[PDB]
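Asks: Sharing a structure, written as structure tokens. Questions coming.
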Amino acid sequence: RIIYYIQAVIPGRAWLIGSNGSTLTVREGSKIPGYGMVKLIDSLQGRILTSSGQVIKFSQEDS
Amino acid sequence: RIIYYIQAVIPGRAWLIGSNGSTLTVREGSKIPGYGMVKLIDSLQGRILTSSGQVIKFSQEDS
Amino acid sequence: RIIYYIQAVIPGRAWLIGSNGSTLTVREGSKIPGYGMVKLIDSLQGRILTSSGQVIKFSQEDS
Amino acid sequence: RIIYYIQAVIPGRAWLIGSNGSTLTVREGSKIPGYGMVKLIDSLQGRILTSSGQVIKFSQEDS
Amino acid sequence: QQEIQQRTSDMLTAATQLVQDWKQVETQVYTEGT
Amino acid sequence: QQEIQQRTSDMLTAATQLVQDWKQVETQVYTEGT
Amino acid sequence: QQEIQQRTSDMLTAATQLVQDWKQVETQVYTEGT
Amino acid sequence: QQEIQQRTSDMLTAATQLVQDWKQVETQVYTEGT
Amino acid sequence: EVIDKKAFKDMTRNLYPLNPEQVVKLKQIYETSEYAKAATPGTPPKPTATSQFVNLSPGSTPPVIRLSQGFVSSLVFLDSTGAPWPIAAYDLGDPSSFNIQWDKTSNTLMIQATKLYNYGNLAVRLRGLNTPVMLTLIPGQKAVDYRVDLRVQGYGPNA
């Protein structure tokens with residue numbers, strides 16, 4: 001599948017980058033392809049909760 | 001049918017855009033083709049109530 | 001017949017436009033062809049009362 | 001006969017215009033051809049009382 | 001009794017301004033155009 | 001009784017400002033363009 | 001009782017500032033470019 | 001009881017500075033290079 | 001720990017003495033007061049355009065112009081055929097009640113009334129005429145003249 005990584009996060013929004021080079025921005029209630037619905041955007045510590053149980057974080061080599 | 005989306009909303013008015021590219025503006029009591037009569041314009045949260053029960057909101061990709 | 005629409009209204013007078021493109025101005029007691037007597041010019045809410053029972057209002061597409 | 005209409009009225013005088021295009025001015029006691037003697041000039045409400053019982057007012061299309 | 005003398009002084013002030021305004025007559029103005 | 005005299009004096013200040021604003025009429029302006 | 005007159009004077013100060021802000025209307029600006 | 005009125009005066013001074021800083025919006029700057 | 005909740009709500013009421021509901025109600029009070037201030041008593045006059053013939057005989061009555069306070073009335077002078085007749089000069093009595101704008105060469109006068117019920121007269125001299133044309137100006141009527149076309153008996157420089 002496609003893996004998404006956090007590029008920047010403020011309260012409310014988050015900018016994401018995929019493995020294909022695609023860039024998205026999401027809000028509290030939003031759709032991510034392959035992940036489902038955004039459940040919680042937590043601006044501290046770089047964690048995004050998703051309805052499928054997966055957690056989107058910062059990239060390990062870019063943090 | 002034709003799906004309408006909220007483009008901008010203040011107290012009183014709302015500007016709508018359709019799938020045809022047509023642009024409308026509506027008031028509290030007004031006619032929308034394929035939807036009926038405007039029942040309530042609620043400027044917060046981007047919701048418009050219609051007499052047929054459908055709810056016109058902001059677009060998912062433009063919000 | 002000929003349908004008349006309110007173009008502007010202040011206390012006292014009212015400017016009307018017809019389906020023929022003809023323009024009129026009326027007072028509290030005045031002649032309207034096809035409607036009768038002006039009975040009440042109510043500047044708020046855009047309503048004009050007529051002796052035959054019809055009500056002249058603003059146009060639906062221009063209000 | 002000839003119908004007379006009020007063109008302008010102040011306290012005391014009144015300027016009249018006939019259907020022939022003729023223009024007159026009258027006082028409290030004066031002669032009008034086809035009407036008789038002026039009985040009362042009422043500057044408010046635009047009414048002139050005449051000894052024959054007829055009332056000269058403003059024109060319906062010009063008031 | 002004293003309310004008559006209070007009302008009389010108010011009308012005398014208003015009548016002085018009314019009479020003074022009726023005295024004023026402004027001179028005609030001739031405008032030449034070329 | 002004294003609340004009538006307090007209410008009346010507030011209405012003189014409001015009515016004097018309303019009457020003075022209705023007297024003011026501004027002159028027309030003619031603009032020539034070339 | 002006295003807290004009503006204290007609250008009333010605070011609202012009159014805020015309402016006077018709100019009214020004169022609604023009175024202000026700025027003139028349009030026309031910019032010509034060449 | 002009196003410690004509430006001392007704390008309320010401290011919060012009003014800090015809130016007036018916070019609201020005043022949120023009002024300030026600086027005009028954009030256009031830089032032209034050649 | 002419970003003092004901090006008490007001090008916060010009393011600080012909010014001092015900072016914002018008017019609720020968001022009360023700001024909305026105060027705005028409706030203000031615009032209703034301006035609507036009553038700008039409303040005119042009675043009925044407003046009907047805006048009309050007219051056309052008259054002016055006779056320079058020594059028996060006829062001078063023509064009447066209807067005015068309104070703060071409004072502009074334009075008078076255009078024409079001859080018997082209908083061509084424009086340029087104005088040489090004019091003389092206005094009572095300049096405190098009426099204001100006249102005129103470019104020095106044309107045939108149109110623009111008159112604004114300053115007072116409510118004060119009436120006067122005016123003399124206008126044309127280019128080819130020796131007889132001056134006399135008018136009377138009465139404001140405060142049930143009709144207001146936006147434009148008056150005046151037919152003068154003679155023949156002007158254009159025919």
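Just remember, in the structure tokens the first chain shown is A, the second B, etc., residues are 1-based per chain, and ligands are 1-based in the order shown.
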Got a sec: who's within 9 Å of residue 27 in chain F, counting only C-alpha atoms, leaving out chain neighbours fewer than 4 positions off, as a short mmCIF file (atom, residue, chain, number, x, y, z; two decimals) with C-alpha atoms, in the first residue's frame?
Replies:
```cif
data_model
loop_
_atom_site.label_atom_id
_atom_site.label_comp_id
_atom_site.auth_asym_id
_atom_site.auth_seq_id
_atom_site.Cartn_x
_atom_site.Cartn_y
_atom_site.Cartn_z
CA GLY I 70 -32.17 69.33 -1.90
CA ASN I 99 -28.82 77.88 -5.99
CA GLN I 112 -31.64 73.49 -6.38
CA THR I 114 -32.46 75.39 -0.22
#
```
Asks: Quick one: residues within 6 Å of residue 110 in chain I, only C-alpha atoms, excluding same-chain residues fewer than 2 positions away - as a list in words?
Replies: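 Once the adjacent positions are removed, what remains is residues 73, 74, 100 and 101 of chain I.
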Asks: Please find the residues of chain D near chain C - the criterion being any atom within 12 Å, counting only C-alpha atoms - and write them as a list in words.
Replies: residues 59, 60, 61, 62 and 63 of chain D
Asks: Least-squares superposition of chain C on chain A, every Cα paired in order: what RMSD, in Å?
Replies: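 RMSD over all C-alpha atoms: 0.1 Å.
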Asks: Quick one: residues within 12 Å of residue 13 in chain G, only C-alpha atoms, excluding same-chain residues fewer than 3 positions away - as a count of residues only?
Replies: 15
Asks: Give the strand (DSSP E) residues of range 4-154 of chain I, as DSSP finds them on the backbone, and put them as a ChimeraX atom specification.
Replies: /I:46-54,64-67,72-78,87-92,98-101,108-113,120-126,133-139,143-152
Asks: Find the residues of chain I in contact range of chain C, meaning any atom within 12 Å when counting only C-alpha atoms, and list them as an MDAnalysis selection string.
Replies: chainID I and resid 32 35:36 38:48 142:143
Asks: Tell me, which residues of chain F carry DSSP alpha helix (DSSP H), written as a PyMOL selection string?
Replies: chain F and resi 2-23
Asks: Restricting the output to C-alpha atoms, write the selected residues as a JSON list (two decimals), in the first residue's frame.
Replies:
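So the final result, stored in out_33.json, reads:
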```json
[["chain", "number", "residue", "atom", "x", "y", "z"],
["F", 2, "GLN", "CA", -39.05, 64.38, 39.91],
["F", 3, "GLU", "CA", -38.47, 61.51, 37.46],
["F", 4, "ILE", "CA", -40.64, 63.38, 34.93],
["F", 5, "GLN", "CA", -38.38, 66.45, 35.17],
["F", 6, "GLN", "CA", -35.29, 64.26, 34.70],
["F", 7, "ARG", "CA", -36.83, 62.52, 31.68],
["F", 8, "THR", "CA", -37.95, 65.82, 30.12],
["F", 9, "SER", "CA", -34.48, 67.40, 30.19],
["F", 10, "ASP", "CA", -33.03, 64.38, 28.37],
["F", 11, "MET", "CA", -35.54, 64.91, 25.57],
["F", 12, "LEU", "CA", -34.54, 68.55, 25.00],
["F", 13, "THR", "CA", -30.94, 67.54, 24.28],
["F", 14, "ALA", "CA", -32.04, 64.84, 21.84],
["F", 15, "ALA", "CA", -34.61, 67.01, 20.04],
["F", 16, "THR", "CA", -32.22, 69.95, 19.64],
["F", 17, "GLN", "CA", -29.67, 67.73, 17.88],
["F", 18, "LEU", "CA", -32.39, 66.22, 15.66],
["F", 19, "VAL", "CA", -33.81, 69.59, 14.57],
["F", 20, "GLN", "CA", -30.35, 71.09, 13.90],
["F", 21, "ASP", "CA", -29.43, 68.15, 11.64],
["F", 22, "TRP", "CA", -32.61, 68.58, 9.57],
["F", 23, "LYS", "CA", -31.82, 72.25, 8.83]]
```
Asks: What lies within 8 Å of residue 107 in chain I using only C-alpha atoms, ignoring chain neighbours under 6 positions off, as a ChimeraX atom specification?
Replies: /I:76-77,84-87
Asks: Can you pull out the residues contacting residue 7 in chain A? Cut-off 7 Å, using only C-alpha atoms, and skip same-chain residues under 3 positions away; I want them as number ranges by chain.
Replies: A: 15-17, 58
Asks: Store the residues picked out above in a file with N, CA and C atoms, as a JSON list (two decimals), in the first residue's frame.
Replies:
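Written file, selection_4.json:
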```
[["chain", "number", "residue", "atom", "x", "y", "z"],
["A", 15, "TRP", "N", -0.24, 18.63, 7.27],
["A", 15, "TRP", "CA", 0.19, 18.43, 5.89],
["A", 15, "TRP", "C", 0.93, 17.10, 5.79],
["A", 16, "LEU", "N", 0.55, 16.28, 4.82],
["A", 16, "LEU", "CA", 1.09, 14.93, 4.69],
["A", 16, "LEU", "C", 1.78, 14.76, 3.34],
["A", 17, "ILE", "N", 2.73, 13.82, 3.30],
["A", 17, "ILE", "CA", 3.43, 13.45, 2.08],
["A", 17, "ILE", "C", 3.43, 11.92, 1.98],
["A", 58, "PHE", "N", 5.71, 11.33, 12.06],
["A", 58, "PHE", "CA", 6.81, 11.87, 11.28],
["A", 58, "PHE", "C", 7.67, 10.74, 10.73]]
```
Asks: Please determine the contact residues of chain F with respect to chain I at a cut-off of 8 Å, counting only C-alpha atoms, and supply them as a list in words.
Replies: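 The complete set of qualifying residues is residues 25, 26, 27, 28 and 30 of chain F.
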Asks: Go ahead and write the residues just picked, N, CA and C atoms, as a PDB file, in the first residue's frame.
Replies:
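Written output follows (part.pdb):
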```
ATOM      1  N   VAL F  25     -28.623  71.666   4.666  1.00  0.00           N
ATOM      2  CA  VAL F  25     -28.800  71.267   3.274  1.00  0.00           C
ATOM      3  C   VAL F  25     -27.540  71.663   2.521  1.00  0.00           C
ATOM      4  N   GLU F  26     -26.903  70.697   1.866  1.00  0.00           N
ATOM      5  CA  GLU F  26     -25.640  70.956   1.192  1.00  0.00           C
ATOM      6  C   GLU F  26     -25.858  71.386  -0.254  1.00  0.00           C
ATOM      7  N   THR F  27     -24.974  72.263  -0.721  1.00  0.00           N
ATOM      8  CA  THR F  27     -25.039  72.794  -2.074  1.00  0.00           C
ATOM      9  C   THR F  27     -24.690  71.714  -3.097  1.00  0.00           C
ATOM     10  N   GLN F  28     -25.343  71.777  -4.258  1.00  0.00           N
ATOM     11  CA  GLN F  28     -25.032  70.887  -5.369  1.00  0.00           C
ATOM     12  C   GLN F  28     -23.636  71.167  -5.916  1.00  0.00           C
ATOM     13  N   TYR F  30     -21.224  70.785  -9.370  1.00  0.00           N
ATOM     14  CA  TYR F  30     -21.183  70.601 -10.814  1.00  0.00           C
ATOM     15  C   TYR F  30     -19.754  70.288 -11.239  1.00  0.00           C
TER      16      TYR F  30
END
```
Asks: With only C-alpha atoms as the atoms that count, which of I:82, I:154, I:95, I:62 lies nearest to residue 29 in chain E?
Replies: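 Residue with the minimum atom-to-atom distance to residue 29 in chain E: I:95.
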Asks: When you draw a straight line from CA of residue 80 in chain I to CA of residue 153 in chain I, how long is it in Å?
Replies: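 For CA of residue 80 in chain I relative to CA of residue 153 in chain I, the distance reads 5.4 Å.
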Asks: For range 42-51 of chain D, work out the shell of residues within 9 Å, counting only C-alpha atoms and skipping chain neighbours fewer than 3 positions away, then give it as JSON, numbers by chain.
Replies: {"D": [6, 8, 9, 10, 11, 12, 13, 14, 32, 35, 36, 37, 38, 39, 54, 55, 56, 57, 58], "I": [142]}
